[PDB]
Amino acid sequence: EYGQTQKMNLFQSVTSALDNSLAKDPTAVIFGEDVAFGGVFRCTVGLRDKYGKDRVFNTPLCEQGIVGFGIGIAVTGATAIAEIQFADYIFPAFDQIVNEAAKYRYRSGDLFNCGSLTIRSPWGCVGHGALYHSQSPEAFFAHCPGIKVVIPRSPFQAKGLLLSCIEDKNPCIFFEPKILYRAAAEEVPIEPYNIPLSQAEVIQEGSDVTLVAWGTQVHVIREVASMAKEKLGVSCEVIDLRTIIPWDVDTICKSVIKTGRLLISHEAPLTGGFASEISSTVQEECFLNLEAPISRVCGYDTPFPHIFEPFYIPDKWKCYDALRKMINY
């Protein structure tokens, strides 16, 4: 398919995407807290020595300023790849993201834009990260017309989705599931390649029920597909949404039209989580095919706890039990 490959874990596939970007786009710079020495998750290792201290550099410890600065770079046409050290700390930049980056092109009649901006950030739980090293903020951004939000599930998906976000002409947030940074490696092409934005991927076909998730939770619903087939002889269609907005409404409705049943799952809290947007849309377009209520299996409506994490997350057992009931509705 894509030429010579190499075993990479997710952090490695990130550095590969960033290295390929800097190599072919002379305007591109990478900046944020502690990126110069390689970053706290090693995602920028070797890149400042390779490309120069004016292209891969540390900013002061100020998130609103990191995003505002990145927008200013992108206004001149240069590629700005900003990092926010944990997705949990993206909120001081919420006004720059939502009132500024997202609206820049619209409000100017396309006289100005920040489409060459990408903000990449570690995301999702990690076993022990508690309130502020665990968050999945995607739904906060989903209500904001003008940004793209993208979340991969593996090293190969990560490099190709990050390359698309970097090259896309709209401000993008790329959320990197941090618990996968050093998990299992898979083969990833050395040279650049793209995976399309706003396109979900059906990774397993099935006929009885549709499962949708993103990031690490995709591996959760893959295991639930196995459990269900094994324990209930139920055929699950398993879908990785990938892009949160704009999202692939088409691929998800087509599937629900075939199976008649949907379970959506994410680590973020239930209330106002993105599963409600997919749920309500699917219900509107597929109403006459629904055999049972669309289920949402999500984190509880609480902050993300340290010691109680094992009981908080929407794990395979929570999902399997929800699927079971849905089958018997």
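Counting begins at 1, following the sequence as shown.
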item	value
CA B-factor ranking of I81, expressed as a third of its chain	lowest
Position of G129 among the chain's modelled residues by C-alpha B-factor, lowest, middle or highest third	middle
Third of the chain, ranked by Cα B-factor, where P155 sits	highest
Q12 by Cα B-factor - lowest, middle or highest third of the modelled chain	lowest
CA B-factor ranking of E138, expressed as a third of its chain	lowest
